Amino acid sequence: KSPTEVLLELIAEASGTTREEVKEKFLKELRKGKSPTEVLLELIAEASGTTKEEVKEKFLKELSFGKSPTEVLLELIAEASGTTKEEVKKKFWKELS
């Protein structure tokens, strides 16, 4: 599996929605020209019920602290689902290879 694919699956679970609902949202947005990361942050915002800005800001405070996008996205996902950074990171690597 691919990192993006895995991220969507994790977001789907976080939201409490379908892999297919989320892949479809993903594609909708990507076709308007947005980068996969942007879109992923948007989908995370909806999973967490916060504003897109708010999550974008927050990704950027983290990134700036020296963290990487994948790391941050994984943390952001855990928050959205109300679980452990450590726990989602684990599912991610399990599903990835």
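In case it trips you up, residue 1 is the first one in the sequence shown, and so on.
Asks: Between 38 to 46 and 68 to 76, which has the larger average Cα B-factor in the PDB entry?
Replies: Here the higher of the two C-alpha B-factor means belongs to 68 to 76.
Asks: Pick between 86 to 94 and 1 to 9: the one whose mean CA B-factor in the entry is higher.
Replies: Result of the comparison: 86 to 94.
Asks: Among the modelled residues of this chain, does the Cα B factor of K61 put it in the lowest, middle or highest third?
Replies: CA B-factor rank for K61: lowest third.
Asks: Once the chain's modelled residues are ordered by C-alpha B factor and cut into thirds, is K32 in the lowest, middle or highest one?
Replies: Highest third, going by the recorded CA B-factors of the chain.
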